[PDB]
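Chain A is the first sequence line, chain B the second, and so forth, proteins listed ahead of strands; every chain is numbered from 1. Only this structure's heavy atoms are used, side chains among them; waters, hydrogens and symmetry mates stay out.
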Amino acid sequence: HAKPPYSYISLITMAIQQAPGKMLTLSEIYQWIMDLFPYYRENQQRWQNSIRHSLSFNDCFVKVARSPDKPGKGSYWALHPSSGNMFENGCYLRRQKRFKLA
DNA sequence: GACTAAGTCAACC
DNA sequence: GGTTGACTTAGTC
Ligand SMILES: [Mg+2]
């Protein structure tokens with residue numbers, strides 16, 4: 001296929017938002033992206049590292065530790081509540097200012 | 001075409 | 001897996 005019309009930032013945000021808990025683990029971020037965008041069924045070690053970079057680099061995704069083991073392995077990732085509706089209203093490729101913190 | 005957000009590669013933790 | 005950074009790629013005005 002051709003590449004979906006969304007940035008990883010957009011992708012990760014749709015994945016978190018649809019989450020029943022509004023937070024996912026890395027692997028669950030990967031699974032959503034693959035369940036819906038067959039394009040991402042390929043080239044995995046390239047884009048999966050780029051998802052990790054996004055999650056760490058971007059202030060709009062903060063991690064939320066697990067507690068009582070649950071399944072276990074891997075933190076949870078959620079959206080900073082002060083992110084606004086950023087990749088929202090028709091701009092999924094380039095944000096008009098990336099959410100940086102202070 | 002600039003300006004700066006986004007994606008790559010890759011070491012380290 | 002989660003951070004970092006140096007550097008490239010690319011959307012948008
Ligand atoms: Mg982050």
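When the nearest nucleotides of DNA chain B are assigned to A:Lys3 and A:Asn49 by heavy-atom distance, the more 5′-ward of the two goes with A:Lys3.
Residue A:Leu55 is not grouped with residue A:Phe99 when hydrophobic side chains (ILVMFWY) are merged at heavy-atom distances under 4.5 angstrom, including chains of intermediate members. A continuous path of ILVMFWY side-chain contacts below 4.5 Å connects A:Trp47 to A:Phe37, so both sit in one hydrophobic cluster. Hydrophobic clustering of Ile, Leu, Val, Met, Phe, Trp and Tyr side chains at less than 4.5 Å, counting indirect connections, unites A:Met14 with A:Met34.
Contacts of A:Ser75 with the nucleic acid, taken as non-hydrogen atoms under 4.0 Å apart, involve only primed sugar atoms and P, OP1 or OP2. Using a 4.0 Å heavy-atom cutoff across all strands shown, A:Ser56 reaches at least one base atom of the nucleic acid.
The interatomic distance linking A:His53 (NE2) with B:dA11 (P) rounds to 15 Å, in whole Å. C:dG1 atom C1' lies 15 Å from atom OH of A:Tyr76, rounded to whole Å. Whole-Å rounding puts the A:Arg52 CZ to B:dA11 P distance at 14 Å. The separation between A:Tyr8 atom OH and C:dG11 atom P is 13 Å, rounded to whole Å. The CG atom of A:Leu55 sits 14 Å away from the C1' atom of C:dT4 (whole-angstrom rounding). The distance from atom CD1 of A:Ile51 to atom P of C:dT4 is 18 Å, rounded to the nearest whole Å. For the pair A:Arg46 CZ and C:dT9 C1', the computed distance is 13 Å after rounding to whole Å. A:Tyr6 places its OH atom 19 Å from the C1' atom of B:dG7, with the value rounded to the nearest Å.
Side chains of A:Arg52 and A:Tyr30: a donor on one and an acceptor on the other come within 3.5 Å.
Without hydrogens or angle criteria, A:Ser7 side chain to A:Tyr92 main chain gives a donor-acceptor distance under 3.5 Å. Checking side-chain atoms of A:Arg66 against main-chain N and O of A:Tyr76 turns up no donor-acceptor pair under 3.5 Å.
Here A:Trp47 does not reach the OP1 or OP2 of B:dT8: none of its side-chain N or O atoms lies under 4.0 Å away.
Cation-pi geometry between A:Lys22 and A:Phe61 is not met: the NZ or CZ atom fails to fall both under 6.0 Å from the ring centre and inside 45° of the normal.
Near DNA chain C, defined here as any heavy-atom distance below 4.0 Å, the residues from residues 81-102 of chain A are A:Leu93, A:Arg94, listed numerically. Annotation: proximity of residues 9-40 of chain A to DNA chain C (heavy atom, distance under 4.0 Å) is found for A:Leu26, numbered in ascending order.
Nearest heavy-atom pair, A:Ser10 versus A:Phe87, reported as atom, atom and distance to 0.1 Å: OG-CD1, 2.9 Å. A:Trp77 approaches A:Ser56 most closely through the heavy-atom pair CH2-N, 4.4 Å.
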